[PDB]
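Starting off, we have a lone chain in the form deposited in one PDB entry, written out as structure tokens.
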């Protein structure tokens, strides 16, 4: 809905001039969309820009006041003629790098030899977050890289690999909502269920989020590191109680012999018993270590080689 002007080539740049004024920011001109920056120079290729459509960065010329406004920035792709690529699905394009973005018409730069598939949202920006493609989940980076002032938006929209936190994010991370961990393999596919990574087991479940703490999977209990997710084995002191986890990770219940020493792990909860306890109508005594007293006396009461109380 911008009309009555014309494109002008001047000083190795391209402008759109109407009634003697230069177009700035976003314009829809004769069925195509262009962006002319803060002083009129038409952009080409990859651009990280304030979102169009509100009116505050739209249909504006450089003789008009430019409002203060807070708008998220997103990645957009423009042709070499300045026309916005109005894609809402996906398209293979030159990879955005440090040397092919923020360019204007008239500027020379190398087209990336590397091409990648970029995904787009319904408003022609590069899509971020979770997408489902041909039977798998992929994560498109919502965030760029930080480095003490050094924000680089380049990784946004790119396929994530490896260990990745899914933050709630608009302009910035919302550090009040949860940010679960995921693991994407070498092609970006989200892993589920049990996976061994850097020598340790993790459980990602059906939804892909990395489990922490206690988790019941296929009829057995496992303990994943409360912070780091890695699966524990052996004896573990958790919540002021000992538990014994097999080499497979599965929690033990009932009687368990470590070397010569017997321990009793509570039938349901799995916690190691100490003191006097009953099992199937028999009395047994475990020391503070968990070790079953056998062939000896305890507070006047004697116990046989099975550890059972004898009258």
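Each form is matched to the other, and the largest set of C-alpha atoms that superpose within 1.5 Å is called the rigid core. Numbering follows the first chain given and starts at 1.
Notably, residue 134 is never a gap: all other compared entries of this protein, restricted to those modelling both its neighbours, have coordinates for it, so the one-third criterion is not met.
For the cut-off of one third of the other compared entries, residue 173 qualifies: that many or more give it no coordinates while modelling its flanks. Remark: stretch with higher mean C-alpha B factor among 46-54 and 264-272 is 264-272. Between the stretches 139-147 and 153-161, it is 139-147 that shows the larger average CA temperature factor. Of the residues listed, 195, 233, 170, 80, the entry assigns the biggest Cα temperature factor to 170. Per the PDB record, residue ranking by Cα B-factor puts residue 292 in the lowest third of the chain. Residue 59: CA B factor lies in the middle third for its chain, per the PDB record. The deposited CA B-factor of residue 201 belongs to the lowest third of values across its chain. Sort the chain's modelled residues by C-alpha temperature factor and residue 127 lands in the lowest third, per the entry. Ranked by C-alpha B-factor against the other modelled residues of its chain, residue 115 falls in the highest third.
There is another form of the same protein, the form deposited in another entry; it is not shown, and what comes next is about it.
Once the rigid core is used as the reference frame, the Cα position of residue 206 differs between the shown form and the other one by less than 2 Å. Once the cores line up, the CA of residue 145 ends up 2 angstroms or more apart between the shown form and the other one. Once both forms are fitted on their core, a CA shift of 2 Å or more is seen for residue 282 between the shown form and the other one. Shown here is a form in which the CA atoms of residue 147 and residue 37 lie at least 3 Å farther apart than they do in the other entry.
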